[PDB]
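Counting neighbours? That spans all protein chains shown, and the Cβs are built from the backbone with ideal geometry, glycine included. FYI, it's all coordinate maths here, none of it is from the lab.
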Amino acid sequence: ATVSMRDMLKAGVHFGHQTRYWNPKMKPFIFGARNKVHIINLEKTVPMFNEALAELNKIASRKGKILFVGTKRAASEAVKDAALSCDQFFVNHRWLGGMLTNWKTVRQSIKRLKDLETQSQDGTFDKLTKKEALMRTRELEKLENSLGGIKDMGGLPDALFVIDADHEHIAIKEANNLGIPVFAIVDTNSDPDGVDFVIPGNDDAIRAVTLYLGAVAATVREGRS
RNA sequence: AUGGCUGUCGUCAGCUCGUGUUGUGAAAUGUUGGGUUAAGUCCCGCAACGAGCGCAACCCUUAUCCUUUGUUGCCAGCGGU
């Protein structure tokens, strides 16, 4: 249910950012400065990695629903790969400011969406003009581009897994105003002071991210057993 | 002192709200930006997400044809003038 040290070195989780982009609040996680870029100390990661998955395993044991939030080009598809396979929810393209804190109004949008899939199956678009049809279908891809992963959820999730905390300060802050636990893959540029459970590591690699959420897909299945 | 009604800015494209969020606060954000349009018209991006009054459309008339009717309307195809 855990990962080893050498395979993490294979995915390049030690390759952080330059010294021109590091957040001074992560000095306890910096080994040294090789080639002018900070290198993450791996032996500090694995225990904190297990502190995260063990905590996430109990949340998954009580029939809990977690959220996978990754917006960058690396996890634009990787997040979805884990989601439906691990029976969870997600967002991968656009995080609407006020997705959880303003859940009362965004819930209006998901019912607005579920009407579109229903009208697309029975044959409601093939009785009216293309003027009203094609723009309504373009409204359907617009709504599934963001709400397509949390349409079949209902209510705000129990926990939350986020990638690149710097790029998702609007996401983790919404969980802080609710008290929802945060499991972040914090990088050298991000801030660790807003996360409940930090995991120092690189996120700018498709093989690195799949090593992360691919592993948490196993622990969530351990909770669903 | 007012209702009703009316002009005007101006048929100019703007004016706001709910919720969330930022700020001690007045307020801001949304409604900013890149293009576009007659138009916060539309698209993308975005701590914004949506909704309403507007704009547009639905109304009337005019320009084309078809179906239906032919009086007191009209005169091609045929007779008497």
Matching residues in region A:141-165 (within 18 Å of A:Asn92 (Cβ to Cβ) and either within 11 Å of RNA strand B (Cβ to nearest atom) or charged (D, E, K, R) (or both)) number 10
For A:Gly201: the one exception among (1) under 19 Å from A:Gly16 (Cα atoms); (2) within 16 Å of RNA strand B (Cβ to nearest atom); (3) touching a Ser or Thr at 6+ places or on another chain (Cβ under 7 Å); (4) not β-branched (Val, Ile, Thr): (2)
Looking only at region A:165-202, count every residue that is outside any loop (DSSP other than H, G, I, E, B) and free of Cβ contacts under 8 Å to residues at least 24 places away in the same chain and tell me the total. 5
Which of (1) within 11 Å of RNA strand B (Cβ to nearest atom); (2) of a type in the set (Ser, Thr, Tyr); (3) loosely packed, with under 13 Cβ neighbours inside 10 Å is the odd one out, the single condition A:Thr129 does not satisfy? (1)
Quick check, is A:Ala217 closer than 18 Å to A:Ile66 by Cβ and surrounded by fewer than 23 Cβ atoms within 10 Å (Cβ to Cβ)? yes
Among (1) surrounded by 19 or more Cβ atoms within 10 Å (Cβ to Cβ); (2) within 16 Å of RNA strand B (Cβ to nearest atom); (3) of a type in the set (S, T, N, Q); (4) part of a helix (DSSP H, G or I), the one test that A:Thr105 misses: (1)
State all residues of region A:26-81 that are without any contact (Cβ under 8 Å) to a residue 40 or more places away in the chain, part of a helix (DSSP H, G or I) and either farther than 21 Å from A:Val182 by Cβ or among the charged types (D, E, K, R) (or both); if no residue qualifies, say none. A:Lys27, A:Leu42, A:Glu43
For region A:183-212: of the residues being aliphatic (A, V, I, L, M) and surrounded by fewer than 23 Cβ atoms within 10 Å (Cβ to Cβ), which is farthest from A:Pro28 (Cα to Cα)? A:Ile206
